[PDB]
There are 2 protein chains.
Amino acid sequence: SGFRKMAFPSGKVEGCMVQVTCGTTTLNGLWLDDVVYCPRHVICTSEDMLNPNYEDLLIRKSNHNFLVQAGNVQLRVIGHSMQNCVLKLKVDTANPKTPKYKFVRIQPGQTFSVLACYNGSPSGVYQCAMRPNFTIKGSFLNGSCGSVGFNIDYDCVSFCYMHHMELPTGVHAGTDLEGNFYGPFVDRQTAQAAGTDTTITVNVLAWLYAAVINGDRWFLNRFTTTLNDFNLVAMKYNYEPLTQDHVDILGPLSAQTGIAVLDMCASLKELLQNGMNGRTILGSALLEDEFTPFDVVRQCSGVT
Amino acid sequence: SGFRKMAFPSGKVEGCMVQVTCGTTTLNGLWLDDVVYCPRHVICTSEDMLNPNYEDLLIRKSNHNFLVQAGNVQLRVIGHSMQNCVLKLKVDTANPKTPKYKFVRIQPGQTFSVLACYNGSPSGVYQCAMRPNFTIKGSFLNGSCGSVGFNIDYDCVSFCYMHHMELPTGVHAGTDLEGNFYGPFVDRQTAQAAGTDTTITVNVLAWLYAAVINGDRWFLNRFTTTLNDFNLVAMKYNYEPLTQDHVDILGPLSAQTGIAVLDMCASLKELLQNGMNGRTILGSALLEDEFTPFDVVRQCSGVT
Ligand SMILES: CC(C)(C)NC(=O)[C@@H](Nc1ccc(CCC#N)cc1)c1cccnc1
Ligand SMILES: CC(C)(C)NC(=O)[C@@H](Nc1ccc(CCC#N)cc1)c1cccnc1
């Protein structure tokens with residue numbers, strides 16, 4: 001028992017982290033097979049970031065201008081190309097530590113682990129969720145760009161995020177591994193405000209199920225609700241609408257606990273309307289939304 | 001910017017995890033050089049756990065009864081010994097992935113990462129603190145025993161915890177890597193109640209400094225206090241007494257923010273007396289105490 005914000009073991013991803021330097025800019029790269037992926041803004045100076053023309057800036061760069069270092073050994077760059085907002089640097093050596101991997105583009109509400117890196121070196125690992133406004137609330141300093149987000153299915157690493165930017169509000173934006181930003185964000189130092197950071201309702205419900213499995217049951221009430229009634233309350237509280245797809249996804253947790261999904265919705269509705277009254281659920285004084293139903297099942301069953 | 005509950009990158013520890021089976025009991029072992037460390041209760045049946053005589057139970061076990069498997073390959077056991085509550089199984093092969101390491105016994109209030117494992121396989125990594133009552137609030141299921149807690153200083157892994165038990169209250173107990181339990185706990189299925197789980201005051205103050213560094217400043221007030229006055233309030237709220245040693249440890253954060261330690265104590269005193277009033281600090285609705293002053297400095301400076 002016990003329920004923690006758990007990240008995936010990061011070893012398979014640590015084996016892929018490299019340092020990429022272009023001119024005076026140093027950030028992280030991801031080395032998979034003979035390709036190093038990194039944010040294209042490695043080619044920018046701080047001044048270029050205000051209004052960069054990436055195609056134009058890239059013309060002035062050759063293979064030898066991209067310095068790639070894996071540990072304390074230099075990799076030879078034999079090709080470079082821009083794909084959306086990432087650069088792909090072809091190196092002459094396949095990464096011997098390349099795990100089985102996929103590039104996936106996640107949906108808002110999905111969680112993943114981030115291996116925060118500086119100078120190609122891992123500093124820490126933490127669990128994130130793609131917010132409904134397509135930002136992530138990470139822990140990234142200058143030099144962390146190119147750090148990646150991922151999930152692991154047994155031996156397969158699915159890379160879903162590469163860190164590119166910090167918005168003026170301190171929230172983070174980045175791309176999938178095809179270089180496409182999540183949401184409307186662009187790799188330019190300009191006014192980019194994030195939309196409403198709504199709460200991921202299906203994740204809160206999953207976490208309430210994790211709470212019941214682990215003994216925290218005080219919030220269970222005598223009520224039920226309907227999807228439409230619950231959604232009127234969800235809208236009032238800036239929660240994402242709950243769909244029948246979310247109810248179906250919560251099916252296994254409902255079966256394991258014997259608590260019907262709509263009954264858990266009624267418990268969540270009362271928590272929204274009444275607050276916690278100074279009580280906690282799984283050591284939290286707020287409703288946690290960065291555990292998906294799959295995360296709760298995985299953690300509660302001991303999947304390796 | 002941004003502040004997350006971050007664990008150390010787990011790769012160096014993943015390379016040490018093995019599965020240990022003795023009879024019908026399977027748990028995890030830590031393979032460092034030619035020794036595999038694991039909880040001595042691997043020799044017990046579920047019935048033995050009610051009242052085990054470990055020296056007596058161990059007489060019936062030979063080297064060939066300890067089955068050690070690293071990945072899908074069997075290790076040869078050439079010796080075994082009991083040191084306090086751990087067994088040390090000498091194997092004929094040094095772990096080729098042994099990192100630079102130390103065995104450290106931590107103090108209450110210190111934090112560490114746990115690599116939760118099942119069947120010698122890593123399932124996830126999370127950040128813990130040794131509670132003042134010598135329990136940890138982990139996420140461990142049956143089969144997780146032998147999972148370890150650790151800190152990393154550049155390339156040196158300091159192992160501080162090995163998981164042994166879940167108390168009837170769902171909190172966790174274990175040993176250092178010399179097999180000595182933290183606190184008064186014993187490896188027996190008996191009545192073991194934990195003492196008061198007080199709040200680690202110096203960690204809360206460190207986290208309030210992390211909050212100020214990252215822009216959450218609403219809780220800063222116009223007051224100051226003294227150590228004695230603050231400690232009268234700390235006692236009332238089941239917070240650990242703050243000592244001059246803790247003030248000295250918070251010195252660097254005080255210098256960086258320009259907020260004197262006793263002024264931050266006065267802010268904490270008002271938060272204790274008035275509550276959060278529905279507001280949050282670093283996305284939390286409670287005062288977080290599982291970040292040490294060193295963790296805040298490390299995370300806020302990007303140490304790899
Ligand atoms: C655009 C600003 C806000 C300045 N930085 C970032 O948005 C990110 N850092 C960054 C570093 C260098 C370059 C190239 C320009 C040069 N040299 C581009 C970006 C960042 C910072 C903090 C946390 N996360 C991400
Ligand atoms: C003593 C009890 C409460 C039953 N288990 C534990 O305290 C721990 N499991 C455990 C497994 C096997 C053995 C040997 C007996 C056999 N076979 C000893 C201990 C545990 C469980 C859940 C989470 N953390 C740790």
# chains A, B, ... in the order shown; residues from 1 in each chain; ligands from 1

call {"tool": "closest_atom_pairs", "arguments": {"of": "chain A", "to": "chain B", "cutoff": "9 Å", "atoms": "only C-alpha atoms", "output": "Markdown table"}}
result
| residue | atom | partner | partner_atom | distance |
| --- | --- | --- | --- | --- |
| A:1 | CA | B:140 | CA | 5.6 |
| A:2 | CA | B:139 | CA | 4.3 |
| A:3 | CA | B:139 | CA | 5.0 |
| A:4 | CA | B:139 | CA | 5.8 |
| A:5 | CA | B:126 | CA | 6.6 |
| A:6 | CA | B:126 | CA | 5.0 |
| A:7 | CA | B:125 | CA | 5.2 |
| A:8 | CA | B:124 | CA | 4.6 |
| A:9 | CA | B:124 | CA | 5.1 |
| A:10 | CA | B:10 | CA | 5.6 |
| A:11 | CA | B:11 | CA | 3.6 |
| A:12 | CA | B:11 | CA | 7.2 |
| A:13 | CA | B:11 | CA | 8.6 |
| A:14 | CA | B:11 | CA | 6.9 |
| A:15 | CA | B:11 | CA | 8.4 |
| A:115 | CA | B:9 | CA | 7.3 |
| A:116 | CA | B:302 | CA | 8.8 |
| A:117 | CA | B:304 | CA | 7.2 |
| A:118 | CA | B:304 | CA | 6.6 |
| A:119 | CA | B:304 | CA | 8.5 |
| A:121 | CA | B:304 | CA | 5.7 |
| A:122 | CA | B:304 | CA | 5.6 |
| A:123 | CA | B:304 | CA | 4.1 |
| A:124 | CA | B:8 | CA | 4.6 |
| A:125 | CA | B:7 | CA | 5.2 |
| A:126 | CA | B:6 | CA | 5.0 |
| A:127 | CA | B:6 | CA | 8.2 |
| A:137 | CA | B:2 | CA | 6.7 |
| A:138 | CA | B:2 | CA | 5.6 |
| A:139 | CA | B:2 | CA | 4.3 |
| A:140 | CA | B:1 | CA | 5.6 |
| A:141 | CA | B:1 | CA | 5.7 |
| A:142 | CA | B:1 | CA | 8.7 |
| A:143 | CA | B:302 | CA | 8.6 |
| A:144 | CA | B:302 | CA | 8.4 |
| A:166 | CA | B:1 | CA | 7.9 |
| A:170 | CA | B:1 | CA | 5.9 |
| A:171 | CA | B:2 | CA | 7.3 |
| A:172 | CA | B:2 | CA | 8.8 |
| A:214 | CA | B:170 | CA | 8.2 |
| A:215 | CA | B:170 | CA | 8.7 |
| A:280 | CA | B:286 | CA | 9.0 |
| A:283 | CA | B:286 | CA | 8.8 |
| A:284 | CA | B:286 | CA | 7.1 |
| A:285 | CA | B:285 | CA | 5.0 |
| A:286 | CA | B:285 | CA | 5.8 |
| A:298 | CA | B:123 | CA | 8.8 |
| A:299 | CA | B:139 | CA | 8.0 |
| A:300 | CA | B:141 | CA | 7.8 |
| A:301 | CA | B:141 | CA | 7.9 |
| A:302 | CA | B:123 | CA | 6.7 |
| A:303 | CA | B:123 | CA | 6.0 |
| A:304 | CA | B:123 | CA | 4.1 |

call {"tool": "calpha_fit_and_write", "arguments": {"fixed": "chain A", "moving": "chain B", "output": "short mmCIF file (atom, residue, chain, number, x, y, z; two decimals) with C-alpha atoms, in the first residue's frame"}}
result
data_model
loop_
_atom_site.label_atom_id
_atom_site.label_comp_id
_atom_site.auth_asym_id
_atom_site.auth_seq_id
_atom_site.Cartn_x
_atom_site.Cartn_y
_atom_site.Cartn_z
CA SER B 1 0.00 0.00 0.00
CA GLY B 2 0.82 3.73 -0.19
CA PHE B 3 0.46 5.87 -3.32
CA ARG B 4 3.22 8.07 -4.68
CA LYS B 5 3.79 10.37 -7.67
CA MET B 6 6.06 7.86 -9.36
CA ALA B 7 8.21 8.31 -12.41
CA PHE B 8 9.38 5.53 -14.71
CA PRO B 9 12.91 4.20 -14.02
CA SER B 10 15.08 6.56 -16.09
CA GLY B 11 18.10 4.37 -16.93
CA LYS B 12 17.06 3.61 -20.51
CA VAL B 13 16.70 7.35 -21.19
CA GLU B 14 19.92 8.35 -19.29
CA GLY B 15 21.78 6.15 -21.81
CA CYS B 16 20.51 8.43 -24.59
CA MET B 17 21.39 11.86 -23.23
CA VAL B 18 24.09 13.87 -24.96
CA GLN B 19 25.26 17.49 -24.89
CA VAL B 20 24.79 19.57 -28.08
CA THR B 21 26.60 22.86 -28.58
CA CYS B 22 26.18 25.21 -31.48
CA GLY B 23 28.21 28.40 -31.22
CA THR B 24 27.69 29.73 -27.70
CA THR B 25 24.50 27.71 -27.04
CA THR B 26 24.64 24.38 -25.19
CA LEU B 27 21.64 22.20 -24.51
CA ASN B 28 20.70 18.51 -24.41
CA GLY B 29 20.19 16.07 -27.23
CA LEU B 30 18.59 12.62 -27.41
CA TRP B 31 20.80 10.05 -29.20
CA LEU B 32 18.82 7.11 -30.66
CA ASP B 33 20.52 4.89 -33.21
CA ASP B 34 22.74 7.26 -35.33
CA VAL B 35 20.58 10.38 -34.88
CA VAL B 36 20.77 13.06 -32.19
CA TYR B 37 17.52 15.02 -31.74
CA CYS B 38 17.58 18.47 -30.16
CA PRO B 39 15.63 21.76 -30.17
CA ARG B 40 16.37 23.77 -33.34
CA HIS B 41 16.86 26.88 -31.11
CA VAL B 42 20.36 25.49 -30.29
CA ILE B 43 21.32 27.52 -33.43
CA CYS B 44 20.10 30.80 -31.87
CA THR B 45 21.89 33.43 -29.86
CA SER B 46 19.79 35.08 -27.05
CA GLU B 47 19.20 38.01 -29.49
CA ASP B 48 18.06 35.63 -32.33
CA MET B 49 15.32 34.21 -30.00
CA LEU B 50 13.31 37.50 -30.17
CA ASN B 51 12.53 36.96 -33.87
CA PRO B 52 14.32 33.92 -35.38
CA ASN B 53 14.16 32.87 -39.03
CA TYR B 54 15.28 29.28 -38.49
CA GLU B 55 15.77 28.36 -42.15
CA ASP B 56 18.00 31.40 -42.58
CA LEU B 57 19.97 30.86 -39.39
CA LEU B 58 20.51 27.19 -40.28
CA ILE B 59 22.12 28.09 -43.68
CA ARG B 60 25.11 29.53 -41.74
CA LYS B 61 25.63 26.19 -39.86
CA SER B 62 27.57 23.18 -41.12
CA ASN B 63 27.91 19.66 -39.66
CA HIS B 64 31.14 20.68 -37.86
CA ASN B 65 29.36 23.56 -36.06
CA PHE B 66 27.19 21.05 -34.09
CA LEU B 67 29.35 19.71 -31.26
CA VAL B 68 27.89 16.51 -29.81
CA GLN B 69 29.44 14.98 -26.75
CA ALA B 70 28.21 11.67 -25.17
CA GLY B 71 29.82 11.47 -21.75
CA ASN B 72 33.36 12.71 -22.36
CA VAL B 73 33.57 11.53 -25.97
CA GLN B 74 32.86 13.55 -29.06
CA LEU B 75 30.48 12.22 -31.71
CA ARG B 76 31.14 12.92 -35.40
CA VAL B 77 28.29 14.79 -37.14
CA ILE B 78 27.84 13.62 -40.73
CA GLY B 79 24.50 15.26 -41.53
CA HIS B 80 21.91 17.67 -40.15
CA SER B 81 18.33 18.49 -40.95
CA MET B 82 15.49 20.44 -39.49
CA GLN B 83 12.15 18.65 -38.95
CA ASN B 84 9.57 21.15 -37.68
CA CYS B 85 11.15 22.57 -34.41
CA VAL B 86 13.83 19.89 -33.89
CA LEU B 87 17.17 19.28 -35.51
CA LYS B 88 18.21 15.76 -36.36
CA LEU B 89 21.99 15.45 -36.33
CA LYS B 90 23.13 12.30 -38.08
CA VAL B 91 26.21 10.95 -36.32
CA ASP B 92 28.65 8.27 -37.53
CA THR B 93 28.03 6.01 -34.50
CA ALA B 94 24.81 4.32 -33.48
CA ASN B 95 24.15 4.75 -29.75
CA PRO B 96 25.11 1.36 -28.29
CA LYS B 97 22.62 1.99 -25.44
CA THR B 98 19.64 2.70 -27.78
CA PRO B 99 16.60 1.10 -26.14
CA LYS B 100 13.56 -0.19 -28.07
CA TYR B 101 11.65 3.03 -28.71
CA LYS B 102 8.74 4.82 -30.37
CA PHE B 103 7.87 8.47 -30.90
CA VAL B 104 4.36 9.19 -29.67
CA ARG B 105 2.31 12.37 -29.61
CA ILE B 106 0.29 12.40 -26.42
CA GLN B 107 -3.12 13.92 -25.66
CA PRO B 108 -3.84 16.47 -22.92
CA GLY B 109 -4.34 14.73 -19.59
CA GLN B 110 -1.70 12.09 -20.34
CA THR B 111 1.16 11.76 -17.90
CA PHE B 112 4.84 11.06 -18.54
CA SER B 113 8.20 11.14 -16.82
CA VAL B 114 10.74 13.86 -17.50
CA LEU B 115 14.47 13.30 -17.12
CA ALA B 116 15.70 16.86 -16.47
CA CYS B 117 19.23 17.27 -17.88
CA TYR B 118 21.96 19.90 -18.00
CA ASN B 119 24.97 19.66 -20.34
CA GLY B 120 23.89 16.17 -21.43
CA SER B 121 23.89 15.00 -17.79
CA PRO B 122 20.80 13.82 -15.89
CA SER B 123 19.88 15.83 -12.80
CA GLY B 124 16.56 14.26 -11.81
CA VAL B 125 13.38 12.54 -12.80
CA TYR B 126 9.81 13.57 -12.11
CA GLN B 127 6.27 12.84 -13.23
CA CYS B 128 4.32 15.43 -15.42
CA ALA B 129 1.01 15.64 -17.22
CA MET B 130 0.31 17.37 -20.53
CA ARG B 131 -2.10 20.08 -19.24
CA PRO B 132 -5.41 20.68 -21.08
CA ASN B 133 -3.93 24.04 -22.26
CA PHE B 134 -0.90 22.12 -23.74
CA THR B 135 1.65 23.40 -21.23
CA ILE B 136 3.45 21.26 -18.64
CA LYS B 137 4.28 22.41 -15.15
CA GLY B 138 7.91 21.22 -15.03
CA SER B 139 11.11 22.06 -13.21
CA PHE B 140 13.44 23.39 -15.84
CA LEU B 141 16.21 25.92 -15.69
CA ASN B 142 18.29 27.49 -18.50
CA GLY B 143 20.29 24.62 -20.07
CA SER B 144 17.44 22.04 -19.60
CA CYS B 145 16.22 22.33 -23.20
CA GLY B 146 16.34 19.05 -25.05
CA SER B 147 15.42 17.14 -21.82
CA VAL B 148 12.71 14.58 -22.77
CA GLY B 149 9.42 13.19 -21.49
CA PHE B 150 8.61 9.54 -21.91
CA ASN B 151 6.59 6.50 -20.87
CA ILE B 152 7.87 2.89 -20.76
CA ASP B 153 5.89 -0.25 -21.74
CA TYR B 154 8.07 -3.11 -20.39
CA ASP B 155 11.23 -2.61 -22.59
CA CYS B 156 9.91 0.03 -25.01
CA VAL B 157 10.48 3.72 -24.34
CA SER B 158 7.80 5.89 -25.98
CA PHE B 159 9.27 9.39 -26.20
CA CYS B 160 6.51 12.00 -26.12
CA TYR B 161 8.08 15.33 -25.19
CA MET B 162 11.20 17.40 -25.72
CA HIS B 163 11.58 20.56 -23.67
CA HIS B 164 11.94 23.82 -25.57
CA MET B 165 10.58 26.83 -23.73
CA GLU B 166 9.53 28.53 -20.53
CA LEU B 167 6.59 30.89 -20.95
CA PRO B 168 6.76 34.25 -19.16
CA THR B 169 4.32 32.73 -16.58
CA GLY B 170 6.84 30.00 -15.60
CA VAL B 171 4.97 27.15 -17.29
CA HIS B 172 6.65 25.03 -19.95
CA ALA B 173 6.19 24.29 -23.66
CA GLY B 174 7.76 21.80 -25.96
CA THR B 175 7.34 19.42 -28.81
CA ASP B 176 6.84 15.78 -29.59
CA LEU B 177 9.93 14.00 -31.12
CA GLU B 178 8.75 14.98 -34.63
CA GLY B 179 9.37 18.60 -33.58
CA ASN B 180 5.71 19.64 -33.45
CA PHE B 181 4.85 21.82 -30.48
CA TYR B 182 2.10 20.77 -28.15
CA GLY B 183 -0.56 23.45 -28.35
CA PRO B 184 -0.13 26.81 -30.06
CA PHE B 185 3.35 27.58 -28.75
CA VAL B 186 6.25 28.65 -30.92
CA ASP B 187 10.03 28.66 -30.34
CA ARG B 188 10.33 32.41 -30.15
CA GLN B 189 10.80 34.75 -27.14
CA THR B 190 7.50 36.55 -27.56
CA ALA B 191 4.12 37.05 -25.80
CA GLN B 192 2.63 33.60 -25.47
CA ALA B 193 -0.02 33.31 -22.85
CA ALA B 194 -1.49 29.95 -21.88
CA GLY B 195 -5.23 29.23 -21.87
CA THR B 196 -7.25 27.94 -18.92
CA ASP B 197 -5.51 25.27 -16.98
CA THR B 198 -8.52 23.12 -16.29
CA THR B 199 -8.42 20.06 -14.03
CA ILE B 200 -8.20 16.60 -15.69
CA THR B 201 -11.39 15.10 -14.30
CA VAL B 202 -10.78 11.51 -15.37
CA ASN B 203 -7.38 11.65 -13.55
CA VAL B 204 -8.93 13.03 -10.37
CA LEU B 205 -11.47 10.16 -10.42
CA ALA B 206 -8.66 7.66 -10.98
CA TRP B 207 -6.79 9.12 -7.98
CA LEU B 208 -9.95 8.93 -5.81
CA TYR B 209 -10.11 5.22 -6.75
CA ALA B 210 -6.38 4.91 -5.74
CA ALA B 211 -7.32 6.58 -2.44
CA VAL B 212 -10.12 4.04 -1.78
CA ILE B 213 -7.75 1.09 -2.66
CA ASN B 214 -5.19 2.48 -0.21
CA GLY B 215 -7.66 3.08 2.68
CA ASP B 216 -8.54 6.80 2.44
CA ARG B 217 -12.34 6.53 2.21
CA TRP B 218 -13.77 9.49 4.18
CA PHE B 219 -14.93 11.29 1.03
CA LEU B 220 -17.21 8.45 -0.16
CA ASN B 221 -20.80 9.64 0.18
CA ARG B 222 -24.36 8.28 -0.09
CA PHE B 223 -24.98 9.90 -3.50
CA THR B 224 -24.91 9.26 -7.18
CA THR B 225 -25.13 11.61 -10.18
CA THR B 226 -25.44 11.46 -14.02
CA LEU B 227 -22.79 12.49 -16.60
CA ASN B 228 -24.82 15.61 -17.49
CA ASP B 229 -25.38 16.65 -13.87
CA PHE B 230 -21.73 16.00 -12.94
CA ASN B 231 -20.60 17.98 -16.01
CA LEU B 232 -22.61 21.05 -14.94
CA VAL B 233 -20.55 21.01 -11.71
CA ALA B 234 -17.30 20.20 -13.62
CA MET B 235 -17.85 23.27 -15.82
CA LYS B 236 -18.45 25.54 -12.81
CA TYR B 237 -15.14 24.34 -11.27
CA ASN B 238 -12.98 24.50 -14.46
CA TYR B 239 -12.82 20.71 -14.66
CA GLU B 240 -12.71 18.96 -18.03
CA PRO B 241 -16.07 17.45 -19.12
CA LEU B 242 -16.29 13.73 -18.34
CA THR B 243 -17.26 11.61 -21.33
CA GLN B 244 -18.56 8.05 -21.65
CA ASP B 245 -15.01 7.20 -22.96
CA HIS B 246 -13.60 8.33 -19.57
CA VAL B 247 -16.23 6.26 -17.72
CA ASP B 248 -15.21 3.21 -19.79
CA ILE B 249 -11.53 3.83 -19.03
CA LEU B 250 -12.33 3.94 -15.29
CA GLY B 251 -14.21 0.57 -15.60
CA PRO B 252 -11.39 -1.59 -14.17
CA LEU B 253 -11.04 0.67 -11.08
CA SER B 254 -14.80 0.66 -10.61
CA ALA B 255 -14.77 -3.17 -10.80
CA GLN B 256 -11.92 -3.55 -8.36
CA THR B 257 -13.45 -1.22 -5.76
CA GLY B 258 -17.14 -1.97 -6.33
CA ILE B 259 -17.73 1.81 -6.60
CA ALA B 260 -19.70 2.72 -9.70
CA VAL B 261 -18.08 5.49 -11.74
CA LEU B 262 -21.09 7.83 -11.33
CA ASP B 263 -21.06 7.26 -7.54
CA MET B 264 -17.39 8.35 -7.53
CA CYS B 265 -18.48 11.36 -9.64
CA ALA B 266 -21.00 12.23 -6.92
CA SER B 267 -18.25 12.01 -4.29
CA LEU B 268 -16.10 14.31 -6.46
CA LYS B 269 -19.06 16.70 -6.91
CA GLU B 270 -19.45 17.00 -3.11
CA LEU B 271 -15.68 17.57 -2.70
CA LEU B 272 -15.84 20.35 -5.28
CA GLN B 273 -18.87 21.97 -3.65
CA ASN B 274 -17.81 21.53 -0.03
CA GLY B 275 -14.02 21.50 -0.19
CA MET B 276 -11.83 19.19 1.93
CA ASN B 277 -12.70 20.88 5.29
CA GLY B 278 -9.03 20.66 6.31
CA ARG B 279 -8.81 16.92 5.56
CA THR B 280 -6.40 15.16 3.18
CA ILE B 281 -6.63 12.40 0.54
CA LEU B 282 -3.45 10.39 -0.05
CA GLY B 283 -1.47 13.09 1.83
CA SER B 284 -2.79 15.84 -0.45
CA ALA B 285 -5.00 18.81 0.54
CA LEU B 286 -6.07 19.32 -3.12
CA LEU B 287 -7.58 16.96 -5.72
CA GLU B 288 -4.64 15.44 -7.67
CA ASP B 289 -5.02 15.18 -11.42
CA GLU B 290 -1.61 13.99 -12.63
CA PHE B 291 -2.35 10.20 -12.32
CA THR B 292 -4.15 8.61 -15.25
CA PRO B 293 -6.41 5.54 -14.75
CA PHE B 294 -3.57 3.49 -16.32
CA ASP B 295 -1.05 4.96 -13.82
CA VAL B 296 -3.30 4.00 -10.89
CA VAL B 297 -3.72 0.41 -12.20
CA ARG B 298 0.05 0.14 -12.92
CA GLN B 299 1.06 1.41 -9.48
CA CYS B 300 -1.62 -0.54 -7.61
CA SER B 301 -0.64 -3.85 -9.38
CA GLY B 302 3.20 -3.56 -9.41
CA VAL B 303 3.87 -3.58 -13.17
CA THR B 304 7.64 -3.68 -13.99
#

call {"tool": "select_by_dssp", "arguments": {"residues": "stretch 156-265 of chain B", "states": "strand (DSSP E or B)", "output": "ChimeraX atom specification"}}
result
/B:156-166,172-175,181,199,239

call {"tool": "write_last_selection", "arguments": {"atoms": "C-alpha atoms", "output": "short mmCIF file (atom, residue, chain, number, x, y, z; two decimals), in the first residue's frame"}}
result
data_model
loop_
_atom_site.label_atom_id
_atom_site.label_comp_id
_atom_site.auth_asym_id
_atom_site.auth_seq_id
_atom_site.Cartn_x
_atom_site.Cartn_y
_atom_site.Cartn_z
CA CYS B 156 28.62 8.10 -6.14
CA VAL B 157 25.45 6.31 -5.06
CA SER B 158 24.97 6.46 -1.27
CA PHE B 159 22.55 3.66 -0.41
CA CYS B 160 20.57 4.52 2.72
CA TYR B 161 17.50 2.29 2.81
CA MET B 162 16.34 -1.22 2.01
CA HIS B 163 12.63 -1.93 2.22
CA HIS B 164 11.52 -4.65 4.62
CA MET B 165 8.06 -4.12 6.05
CA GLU B 166 4.64 -2.55 5.88
CA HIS B 172 6.81 1.47 5.78
CA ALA B 173 9.87 0.31 7.72
CA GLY B 174 13.27 -0.84 6.66
CA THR B 175 16.95 -0.85 7.30
CA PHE B 181 16.31 -0.96 11.09
CA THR B 199 6.43 17.78 10.34
CA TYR B 239 6.37 20.40 13.98
#
